[PDB]
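Remarks on the structure that follows.
All of this is worked out from the model, or read from it or from the source named; no laboratory instrument gave them. A quick note on method: Cβ atoms are made from the backbone with ideal geometry, for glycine too, and the neighbour counts reach across all protein chains shown.
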Number of protein chains: 2
Amino acid sequence: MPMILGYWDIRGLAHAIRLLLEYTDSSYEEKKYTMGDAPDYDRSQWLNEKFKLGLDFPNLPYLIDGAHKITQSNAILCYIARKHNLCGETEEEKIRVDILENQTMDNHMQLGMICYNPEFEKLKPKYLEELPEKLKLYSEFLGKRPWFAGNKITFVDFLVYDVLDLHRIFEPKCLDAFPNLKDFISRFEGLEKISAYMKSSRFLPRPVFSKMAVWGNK
Amino acid sequence: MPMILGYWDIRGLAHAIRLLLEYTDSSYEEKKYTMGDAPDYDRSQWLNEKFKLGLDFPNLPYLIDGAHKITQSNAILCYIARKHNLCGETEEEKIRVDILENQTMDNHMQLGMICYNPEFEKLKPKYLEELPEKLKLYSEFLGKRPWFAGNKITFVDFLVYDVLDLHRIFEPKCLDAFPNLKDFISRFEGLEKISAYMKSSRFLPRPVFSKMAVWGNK
Ligand SMILES: N[C@@H](CCC(=O)N[C@@H](CS[C@H]1C([N+](=O)[O-])=C[C@@H]([N+](=O)[O-])C=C1[N+](=O)[O-])C(=O)NCC(=O)O)C(=O)O
Ligand SMILES: N[C@@H](CCC(=O)N[C@@H](CS[C@H]1C([N+](=O)[O-])=C[C@@H]([N+](=O)[O-])C=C1[N+](=O)[O-])C(=O)NCC(=O)O)C(=O)O
């Protein structure tokens, strides 16, 4: 049995999971759900199935792995990471992992909040004002380490990468002030299975968000 | 030396952390920060200090424990839980923990979203329409277990409790359709250190949210 990863036919919250899945070399298939166009943005393809998957808190994404039925993107992430020693070894490694796990989710919500907000264009200047600061925190937090946890790559590297990439897309010249972060993107995309996957026809970098979006809905 | 827990002089995101601190018998003080009144809810008392605490991602709440400086409520929670074997033993225990860790965070966000929304009064009927459903998921998820992880109490029990309590305070009869959840509230408040603490002058059940709020700002 391969694992099933369920999600909308977009990037969204599955990106880190897909990347992690590939990096770990895990047998799996995606169950992609399509969303209708305006003004309903019909979701019945997912809603017809939402409550019949034995999920405890029906949501997307979800991962199904035989008996284990998982929701909550970070939960899927640590569940997979655990099978391959990537949830962090030492105590220091774990702290950093717990922080970044939630820190990235926050910066992600924040991006997604405006990109789904009809006011998108007016909010953008302020969000761009503050971006440099957000990225500085990551840069300083990474410091001279090869990975965010420390010396070993871990699943939060996938979360941090996704967030950084997203912004390089949103604001091309948004990483230049931080060599080490650009080095991080190199290392990560330089990883063999990551590279191979990025070249494959499975890669799915866009849409970034669902159709409801004002930006990256395309 | 005692640990410092920093947060607004409210309940908010610290409630689970306070409860957990007491239950584990942890040695700690609070650094409480006050917020100004309308219409600029000044936050300089925290802002004057925000960047000088050696925090990696300055935020509230934070926990300071000698060399370890932590942010992100869930990270503080697991960090403490680990010192006392409460982040989950088995694999099944961990999955459940990871899920609820994020699941509660979501239902909390959701509540906090409308209670901070000026439109509070119009949004309320719709939120109460779904008020139950959400609770049903918890009830079914708990099932016949004494705790949400399984047979051992763990730190998510604190998160789930807070969320259930918050709603009972918002929708009294919002827990009648689910005996087992009321039993959970019994067990939890029935815990000795919990009970003692709830009677102490340290107990801080309100305000629920910051002053900016339309509900539970009082
Ligand atoms: N915290 C959960 C996220 C759960 C969630 O909201 N999932 C959304 C898509 S995320 C989506 C999003 N995005 O596309 O990146 C981000 C957006 N946002 O504000 O950041 C919220 C989303 N949304 O529209 O629901 C969903 O479709 N749930 C199925 C259901 O409820 O039936 C997790 O990490 O798994
Ligand atoms: N993900 C972090 C969230 C940290 C956070 O958002 N803290 C807010 C207060 S939470 C607050 C809230 N509440 O009080 O319960 C809930 C609300 N919400 O929508 O859920 C968001 C809040 N807010 O006002 O930002 C803050 O004051 N940050 C300090 C800073 O950034 O300088 C965590 O879990 O610790």
Test: residue in region B:85-92 that is closer than 19 Å to A:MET109 by Cβ, touching a residue at least 40 places away in the same chain (Cβ under 8 Å) and not assigned by CATH to the domain that holds B:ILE4:
no
Note on region A:33-74: residues assigned to a loop (DSSP other than H, G, I, E, B), within 14 Å of chain B (Cβ to nearest Cβ), surrounded by 12 or more Cβ atoms within 10 Å (Cβ to Cβ) and in contact (Cβ under 8 Å) with a residue 40 or more places away in the chain are A:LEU53, A:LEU60, A:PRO61
Test set (1) within 14 Å of A:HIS108 (Cβ to Cβ); (2) assigned by CATH to the domain that holds A:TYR33; (3) not β-branched (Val, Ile, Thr) - A:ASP165 fails condition number
(2)
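Conditions tested, residue by residue: (1) within 16 Å of ligand 2 (Cβ to nearest atom); (2) under 15 Å from B:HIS15 (Cα atoms); (3) within 14 Å of chain A (Cβ to nearest Cβ).
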residue: B:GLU130; (1), (2), (3): no, no, yes
residue: B:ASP157; (1), (2), (3): no, yes, no
residue: B:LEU191; (1), (2), (3): no, no, no
residue: B:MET212; (1), (2), (3): yes, no, no
Could you check region B:126-218 for helices (runs of 4 or more DSSP H) lying wholly inside it with 3 or more residues that are surrounded by 16 or more Cβ atoms within 10 Å (Cβ to Cβ), in contact with a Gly (Cβ under 9 Å, 6 or more places away or on another chain) and of a type in the set (A, V, I, L, M, F, W, C)?
B:155-170
Tell me which of these A:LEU77 doesn't satisfy, since it passes every other one: (1) facing chain B (nearest Cβ under 7 Å); (2) in contact with a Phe, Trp or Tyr (Cβ under 6 Å, 6 or more places away or on another chain); (3) under 27 Å from A:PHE170 (Cβ atoms).
(1)
So, A:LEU60, is that one over 30 Å from B:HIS68 (Cβ atoms) and away from ligand 2 (no atom under 16 Å from the Cβ) or not?
yes
Of the conditions (1) surrounded by fewer than 19 Cβ atoms within 10 Å (Cβ to Cβ); (2) without any contact (Cβ under 8 Å) to a residue 12 or more places away in the chain; (3) of a type outside the set (S, T, N, Q), A:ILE99 clears all except one; give me its number.
(1)
With B:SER186, B:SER201 as the choices, which residue is small (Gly, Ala, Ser) and in the same structural domain as B:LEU137 (by CATH)?
B:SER186
With respect to A:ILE114, is the statement that it is in contact with a strand residue (DSSP E or B) (Cβ under 7 Å, 6 or more places away or on another chain) and either outside the structural domain of A:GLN72 (by CATH) or in a helix (DSSP H, G or I) (or both) true?
no
Residue check for A:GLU30: in contact with a strand residue (DSSP E or B) (Cβ under 9 Å, 6 or more places away or on another chain) and not assigned by CATH to the domain that holds A:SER210:
no
